[PDB]
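# Structural overview for review
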Amino acid sequence: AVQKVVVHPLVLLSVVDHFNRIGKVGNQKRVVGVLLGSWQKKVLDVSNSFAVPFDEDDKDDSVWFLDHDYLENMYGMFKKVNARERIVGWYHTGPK
Amino acid sequence: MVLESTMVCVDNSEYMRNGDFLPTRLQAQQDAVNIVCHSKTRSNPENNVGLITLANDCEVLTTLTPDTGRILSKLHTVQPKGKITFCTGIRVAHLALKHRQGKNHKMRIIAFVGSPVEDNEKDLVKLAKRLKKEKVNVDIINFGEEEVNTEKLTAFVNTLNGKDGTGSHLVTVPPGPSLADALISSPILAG
Amino acid sequence: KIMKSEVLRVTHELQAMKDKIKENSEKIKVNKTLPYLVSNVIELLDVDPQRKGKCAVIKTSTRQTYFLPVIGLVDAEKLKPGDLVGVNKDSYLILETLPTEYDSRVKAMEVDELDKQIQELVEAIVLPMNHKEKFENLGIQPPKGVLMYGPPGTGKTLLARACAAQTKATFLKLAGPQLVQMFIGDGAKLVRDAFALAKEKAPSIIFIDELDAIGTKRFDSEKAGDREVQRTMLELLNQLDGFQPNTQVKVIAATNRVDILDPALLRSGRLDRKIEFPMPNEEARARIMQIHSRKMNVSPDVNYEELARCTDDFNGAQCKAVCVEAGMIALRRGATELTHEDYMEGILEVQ
Amino acid sequence: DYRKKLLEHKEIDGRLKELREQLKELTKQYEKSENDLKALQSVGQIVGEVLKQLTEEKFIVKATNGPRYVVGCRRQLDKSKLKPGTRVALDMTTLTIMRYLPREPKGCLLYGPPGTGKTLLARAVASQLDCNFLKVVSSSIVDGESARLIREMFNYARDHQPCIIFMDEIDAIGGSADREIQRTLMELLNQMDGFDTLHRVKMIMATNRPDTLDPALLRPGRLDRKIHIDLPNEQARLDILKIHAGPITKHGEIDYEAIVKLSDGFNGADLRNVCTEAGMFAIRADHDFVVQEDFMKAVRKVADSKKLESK
């Protein structure tokens, strides 16, 4: 389907913001955000994105926490201000 | 008023549709959720109610919100698959209690169990020790049964329940023609 | 009914949609409320090679040409080369298209809020506004073009104008020389604009006069000034033939002289009704004169014989002029009530 | 008792499933609204024209307002339509290009002396296919400056390959006052006998009498064939009479043979007017049904009147 994609530094700098607003937690596990882009064209293009809280469990690895309401609200307002960009997929900062 | 969070777990299995007991009591306990959430609305409307099932794959239908308007619409499409799950069903709620808006709200989680527990006594007493450690209110409600009602469940509740004074209560409903509404409305946990 | 239990969820999704369209339908009012200027729109079909080719040609009042496709909500009367369209800042889009016509001026021509033949005439003008519901079963197709002519001295103009008051609809006034101007190619624009106003507005009444003078085909081959209204009439007939919208509001035509007649004027959409006036009677003119003068105060003794006999080859407007003239000297006579002899006195006065 | 419950539940489920059509149909329109709202996101496009090009990648553009500019090449479009001599479009940002802006039996003779209705047939064909919509006025002269207008119309005729020409009442133009007329005729000869492809474009001429029609111009060269129409065909007249007899109900006994046979030298639209006049004549008796006797009488009288007014 998609031969190649285009990733802008803005989202990785948003990950830098994720490492910014931490404020010395003592947890600092993997954080799952929501990536936005254009799936209309064959080549994927990333403009901007937002962040959603994501938490897991120490022992059990099957634990994952997301939010439907916050996602629909953020994507709703983002679609309200800009209709040129929609949802595509997600990303995590975990090395593994 | 009273500031607390409400977490309700519904059974999506086919054991609720059995012909001996109530004719798909899922709708009845749905109406129970309706009247208790409307009761909480009348008392303290600022409380939020989340919804998730006991199945293998945990999927939140509606995030905790003070408005039950869309929740009533999300009460449908139960997706009758899977059988039962316990541990991750607890870990998907009690650990997710930190995602609430108000930090002044107390932690309260209930459950509707229509299927036999597949987990041994070890996991039970361990998870009970965990819930007792983090001190979260838990109300055990079991609709329908196959084997004996309370055997290890008694010791389970006793070990899970701390602070004997004004603590949690156990709800045990036998077979009968009467509904589950006025029956679960008997303790102080409802209304 | 277990299979029909899934319908409730669908209805919930639909009402949820109705709840979530409130905002996007709300912003429409505040966004589209004030178009800042007016631009001219010209439709031009492009080709992209969905990905369907769509485009348009725009002309600003500041004489600056821009580029833009065809967009906006559902269009019906749009896509036509009209004017007065909604536009926002720098967007140059199309929201609300309203047609006010072109060079308005021709359009604001005027604002208006013998028994056996006038009976047929009245029935003729009434039936298209009446029997349409009965035209389905009977299958009777109402005539469009109606030719009203006759010898000079009839007064058919104010008679038809009087019937226009009976139609209760809006009346318009268009003459022969009004179609003749200094410019060229005015015919097509005039016809299309008139039909546009006839399309947009209510089923009003349209009456044109002197079609014989402007329809002269000039047998003599030497010279003449106006060939325009000839082809204007030809185009009018063409649009009254090859066009389905012609079932809409009728256009009434009248000719003063029968010396010039076009054999191609015969059709349902074109001129159909033909009524010749064989020296209209007296007593009827006395009747309509009585109907016109019934409002004014007159001594209720009239023989009618003298006033019927003294009127020869006179219009209806001339009879009304006789009434007015009778009212003129009645003011300086000292009498507060009109008499009988004042009528004939007025006749011998103005005529 | 158990059998009726199925029917009842069928009724409830029926009225439950029949209320969706009042929603799901307009939901598509409601969605289409927001689709258009997302279709309005593209704005700020301007125009331009290409004259001289040096670099194949980047050329010079000419705005309508008169200032001149230069733009680049977008990775989407190719060098195929990038060639000069084609009006293109530009954007307010970066001056890119979304797309371009495109600019906007070889003869027959029909003479109508016995009556009319040829225009009805031409209208029938035009409403049938006609391959296009075009009309040519009888006199384009009064509109010597009309020559360039004729050449412009023919230029458009060369622009659009498929063409069909309809000319009604050509007997008017067929007739220093005469000198300019002869000059216009010479122009017509020069244009028709010039270099053009007539194998595609078709011309149709309508007229009245064979007098001013210039039999020399009616020649095989400037006109291949000639078709005379005295009156609509028997099958055609019967057909149109049948379709005109559709909305109007009549007596159980009906014969169109008399109506067709008794009709001589009459026209379709005219005959239709005679039919409507017969209906308005028979409406005086305020009867819901109308016999063909009154129809035959009314048609006879009215047609006779038309024959008397045929002068």
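In what follows, the structure referred to is the one given above.
Here goes a summary of the coordinates provided.

Cut-offs applied
- Residues numbered from 1 in each chain as written, not as in the entry; some residues may be left out.
- Chains lettered and ligands numbered in written order.
- Part of a larger assembly, values for the part shown.
- Heavy atoms only, no water.
- Helix = DSSP H or I, 4+ residues; strand = E, 2+ residues; numbered from the N terminus.
- Rg over C-alpha atoms; globule rule 2.2 N^0.38 Å.
- Buried < 20%, exposed > 50% of the residue type's maximum accessible area, 1.4 Å probe, protein only.
- Contact = heavy atoms within 4.5 Å.
- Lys, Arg positive; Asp, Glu negative; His and termini not counted.
- Charge placed at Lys NZ, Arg CZ, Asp CG, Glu CD.
- Areas by Shrake-Rupley, 256 points an atom, 1.4 Å probe, with all protein chains shown as cover.
- Salt bridge = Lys/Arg side-chain N within 4 Å of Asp/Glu carboxyl O.
- Buried area = accessible area lost by both parts, 1.4 Å probe.
- Polar contact = N/O pair within 3.5 Å; in protein donor to acceptor, adjacent residues only side chain to side chain.
- Patch = residues over 30% accessible without salt bridge, like charges linked within 9 Å, V, L, I, M, F, W, Y side chains within 5 Å.
- Right-handed = clockwise from strand over helix to strand, strands pointing away.
- Pairing = 2+ DSSP bridges.
- Expected span 1.5 Å × (residues − 1).
- Arc of directions from axis to C-beta.

## Comments concerning the overall build of chain B
Counting its secondary structure elements, chain B contains six helices and six strands. Computed over the C-alpha atoms, the radius of gyration of chain B is 16 Å, within 12% of the 16 Å expected from 2.2 N^0.38 for a compact globule of 191 residues. A principal-axis box enclosing the C-alpha atoms of chain B has dimensions of 40 × 35 × 35 Å. For chain B, the residues scored as buried account for 37% of the 191 residues in total. Residue pairs in contact within chain B that sit at least 24 positions apart in sequence constitute 74% of those at least 6 positions apart. With 23 positive and 21 negative side-chain charges, chain B shows a spacing of 11 Å between the two charge centroids.

## What about the overall build of chain A?
Assigned secondary structure in chain A consists of two helices and four strands. Reported as C-alpha extents along the three principal axes, the dimensions of chain A are approximately 40 × 30 × 25 Å. Across the 96 residues of chain A, 28% fall into the buried class. For chain A, the share of sequence-separated contacts (at least 6 apart) that also reach a separation of at least 24 residues comes to 64%. Roughly 7,000 Å² of accessible area belongs to chain A as shown, and the carbon and sulfur atoms make up 57% of that amount.

## Description of the pattern of salt bridges
When the charged atoms of two side chains with opposite charge come close together, those side chains can pair. The tally for this structure, following the rule as stated, stands at 24 salt bridges over all chains. The residue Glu14 of chain B makes a salt bridge to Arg17 of chain B at a minimum N-O spacing of 3.6 Å. Residue classification places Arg17 of chain B among the partly exposed residues on the basis of a relative accessible area of 48%. Residue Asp241 of chain C pairs with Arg267 of chain C through a salt bridge whose shortest N-O separation is 2.7 Å. Separated by 26 residues along the polypeptide, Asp241 of chain C in the loop between α7 (228-239) and β7 (251-255) and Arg267 of chain C in the loop between β7 and β8 (271-275) bring together distant segments of the chain. Members of the salt-bridge network, linked through shared partners, are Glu4, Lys40, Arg108 and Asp139 of chain B.

## Details of the interface of chain C and chain D
Taken together, the contacts link 53 residues of chain C with 61 residues of chain D. With both sides pooled, the region where chain C packs onto chain D buries about 5,200 Å², and carbon together with sulfur makes up 61% of that total. Counting the contacts that link chain C with chain D gives nine residue pairs in polar contact. Counting only elements with at least two residues in the side of chain C that touches chain D, the list comes to α1 (7-20), α2 (22-31), α4 (135-138), α7 and β8 of chain C.

## What to know about a nonpolar patch on the surface
Among the surface-exposed residues, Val2, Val5, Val7, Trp39 and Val88 of chain A lie close enough to one another that they form a single nonpolar patch of about 430 Å² accessible area. Note on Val88 of chain A: relative accessible area 32%, which makes it partly exposed.

## Examining the environment of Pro9 of chain A
Within the secondary structure layout, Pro9 of chain A lies in helix α1 (residues 9-18). C-alpha of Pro9 of chain A to C-alpha of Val25 of chain A: the two residues are 16 residues apart in sequence and 26 Å apart in space.

## As for the pairing of strand β2 (residues 49-53) of chain B
The side chains of a regular strand alternate between the sheet's two faces. Residue and element names in this part refer to chain B. With five of five residues buried, β2 is to be regarded as a mostly interior element. Tracing the backbone out of strand β1 (residues 4-10), into helix α1 (residues 26-43) and back to the parallel element β2 gives a crossover that is right-handed. Alignment of β2 against strand β3 (residues 62-65), held across two bridges, turns out to be antiparallel. Paired with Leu51 across the strands is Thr62, a residue of β3.

## Section: helix α9 (residues 292-308) of chain D
Residue and element names in this part refer to chain D. The terminal C-alpha atoms of α9, which comprises 17 residues, lie 24 Å apart, in line with the 24 Å expected from a rise of 1.5 Å per residue. Taken together, the buried positions of α9 are occupied by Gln292, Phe295, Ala298, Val299 and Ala303. Angularly, the buried residues of α9 cover 125 degrees about the axis, an arc narrow enough to put them on a single face. In α9, the exposed residues that point more than 90 degrees away from the buried face are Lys301 and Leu308. Those residues of α9 that are buried lie in contact with α8 (268-282).

## Digging into the interface of chain A and chain B
Listed by partner, the interface residues are twelve residues for chain A and eleven residues for chain B. Both sides together, the interface formed by chain A and chain B hides about 1,000 Å², and carbon and sulfur atoms give 55% of it. On the chain A side of the interface with chain B, the three residues burying the most area are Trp64, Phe65 and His68 of chain A, jointly 44% of the side's total. Its salt-bridge partner being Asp69 of chain A, residue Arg70 of chain B comes within 3.2 Å of it at the nearest N-O pair. Joining chain A to chain B, the criterion identifies six residue pairs in polar contact.

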